[PDB]
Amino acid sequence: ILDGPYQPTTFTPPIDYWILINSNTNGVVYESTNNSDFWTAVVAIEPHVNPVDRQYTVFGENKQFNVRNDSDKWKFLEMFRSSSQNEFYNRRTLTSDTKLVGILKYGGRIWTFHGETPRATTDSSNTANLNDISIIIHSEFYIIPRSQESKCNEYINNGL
């Protein structure tokens, strides 16, 4: 009953659906924005990376992020800014060996998974415009209704 996988693409995710992205390299996993007050780009950091500066293309710009991962698992860094003039900061991190990342539009808020598998949990971010948040997804992904969030959770924490 798993809807997918879908090819990398740019679209406005519908309300009340988890987008479950299967990361496949150490680059930008997705870029999300409404172009007013919400910019989040997730970068994937492979295990055992001493702190270092890396260049990522994010929202059409070349940006330098200092990056580290002292874990056996991958680390997916949520880099956030609320205006094109602010610099990004690492707002949240998901530490995972399943390499799946989740994003949901629900209840006026953006929900993502953070923590460390197999015990990662959801967290919310506010915005003045949830409906207009669009996403560029750089890997294969799946769509899971919120009615089946418990399944998505399981996937996030245990793999497909």
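Counting begins at 1, following the sequence as shown.
Stretch comparison (15-23 versus 147-155) by mean CA B-factor in the PDB entry places 147-155 on top.
Relative to one another, 65-73 and 34-42 have unequal mean CA B-factors, and 65-73 is the one with the higher figure. Looking only at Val28, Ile103, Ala128, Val52, the residue with the top Cα B factor in the deposited structure is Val52. For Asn86, the recorded CA B-factor ranks within the highest third of the chain. Only modelled residues enter the ranking. In the deposited entry, the Cα temperature factor of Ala120 sits in the middle third of values across the chain's modelled residues. Looking at the C-alpha B-factors along this chain, the one for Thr112 belongs to the lowest third.
Placement of the Cα temperature factor of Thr98 within the chain: middle third of the modelled residues, per the deposited record.
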